[PDB]
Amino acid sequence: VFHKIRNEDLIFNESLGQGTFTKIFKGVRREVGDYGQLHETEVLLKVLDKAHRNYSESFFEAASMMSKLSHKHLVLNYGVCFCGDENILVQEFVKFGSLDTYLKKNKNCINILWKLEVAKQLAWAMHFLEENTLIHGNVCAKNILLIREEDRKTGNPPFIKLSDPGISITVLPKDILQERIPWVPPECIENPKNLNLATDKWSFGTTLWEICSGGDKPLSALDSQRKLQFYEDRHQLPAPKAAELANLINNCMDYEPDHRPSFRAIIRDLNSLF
């Protein structure tokens, strides 16, 4: 169970927008830290409506199951606040935000070594979840958070974490599912109960495509009906102009779930591309 945080000790500041049936805010948590020292900590607050009981139960279950698995590349959740008007997940605030924005804002500067490092780190996170047989369900660049920028001056590669899973694709409306083509794999579009570890392999592929496409979203030009038809006709994504990961993207995004490679194999492939 999550550590419970008092309503009183959270201040909501700026809106960072809306996610899938969530409102996101930057905030401050008043806390007694190590050594009984009082702290006021920058936090990310994810807000679910109490009235959507099924959605928040799914949201908070998923967040909890993953938070039981501490890892350097998985986002830290400090706890929850349910004593209020709403249900709130209190999470670490990640200084450089989402990868998808960052890729767009710094497209001109990001090169292949940076891309490789970030792909490697995501692959290691996904390896860890695979070993723990925990399905994330919502891997996309948006949900990669940049803890630390690259510093060439000093040799530091960037560092990333993968955010919490959100509401399960088993409980989300069909209409949201179709909107998330091509991250949601074809087998989950025909039946979301086909959700499986193989799901995350497909989405990982889609995320690599984003990582190589400067913040572009695959198939954004296509409406929901045409996205559905794209899977029905078994299309693949175009190779990015930066083609270095094109083969890995296609191998990952295999219409046969059984044939998608393990994350160990994905890591060895990434390592070899040096």
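The first residue of the sequence shown is number 1, and the count goes up from there.
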query: Mean Cα B-factor comparison, 101-109 or 155-163, giving the higher one as deposited; finding: 101-109
query: Entry-level comparison of average CA B-factors, 137-145 and 76-84, reporting the higher stretch; finding: 76-84
query: From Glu92, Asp200, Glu130, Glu190, residue of greatest CA B-factor; finding: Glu190
query: Given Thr206, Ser220, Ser67, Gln37, the residue at which the Cα B factor reaches its maximum; finding: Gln37
query: Third of the chain's Cα B-factor distribution that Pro186 belongs to, per the entry; finding: middle
query: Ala246 by Cα B-factor - lowest, middle or highest third of the modelled chain; finding: lowest
query: Position of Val171 among the chain's modelled residues by C-alpha B-factor, lowest, middle or highest third; finding: highest
query: Assigned third (lowest, middle, highest) for the C-alpha B factor of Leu195; finding: highest
query: For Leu116, the third of its chain into which the C-alpha B factor falls; finding: middle
